[PDB]
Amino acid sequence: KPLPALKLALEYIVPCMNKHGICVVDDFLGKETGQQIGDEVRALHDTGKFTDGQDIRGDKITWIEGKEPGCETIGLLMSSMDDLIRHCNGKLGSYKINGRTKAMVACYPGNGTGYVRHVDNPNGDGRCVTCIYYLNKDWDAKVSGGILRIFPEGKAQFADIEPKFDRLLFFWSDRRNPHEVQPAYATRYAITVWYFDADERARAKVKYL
């Protein structure tokens, strides 16, 4: 029996994020839904829908709104992420979360591709929580690499996150969590949504021309 979403949010995600600034939920959606999402992602890849994510990053990406034909299960993943954030009921830090990005479907196509150490939102662009879902059946970093290494500020030790199938990850998007995607030696897929704090986003520190 999977934990209900409300209980998972209030009794784990909230306290875990407030304590550590990083939170992993394994077995988020189960094997059938996870494999369905994998099929949808591989279909997007196989039909040539990705573009360069860019030296700094070697991923290939596409943005998914959730209602597109062939992306129904990705849309279900996005609505499930949204439900969890809603259940958190403003207890994630002092943020007032009111919006998010589309889903960034990303592939590191093996061959040692990765993402150098970076902060997702270093310039106050409104993004407060990074939420990533991994869909790599049988991934083993021993063989394929691709660890997400996070370097939380104020801690001497780093946190290694393998991109395991059906794994959901949250972390604060600001400077507290610099991170890198270590070289990947197999096709590594993940889906990211970023959630916005309404006030920070409204300050418009970033203008997109």
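Basically, rigid core = biggest C-alpha set you can superpose within 1.5 Å across the two forms. For every residue, the number given is its place in the sequence shown, counted from 1.
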{"query": "Greatest C-alpha divergence in 5 other deposited structures of this protein once each structure is fitted on the rigid core, 76-84 or 135-143", "finding": "135-143"}
{"query": "Between stretches 58-66 and 163-171, more displaced by Cα RMS in 5 other deposited structures of this protein (rigid core superposition)", "finding": "58-66"}
{"query": "Deposited residues lacking coordinates between residue 54 and residue 55 (none, 1 to 3, 4 to 9, 10 or more)", "finding": "10 or more"}
{"query": "Entry-level comparison of average CA B-factors, 42-50 and 144-152, reporting the higher stretch", "finding": "42-50"}
{"query": "Average Cα temperature factor in the PDB entry - higher stretch of 197-205, 12-20", "finding": "197-205"}
{"query": "C-alpha B-factor winner, where the candidates are 163, 183, 178, 69", "finding": "69"}
{"query": "Member of 123, 130, 94, 136 with the greatest C-alpha B factor (per the PDB record)", "finding": "94"}
{"query": "For residue 87, the third of its chain into which the C-alpha B factor falls", "finding": "highest"}
{"query": "Lowest, middle or highest third - CA B-factor, residue 32", "finding": "highest"}
{"query": "Assigned third (lowest, middle, highest) for the C-alpha B factor of residue 101", "finding": "lowest"}
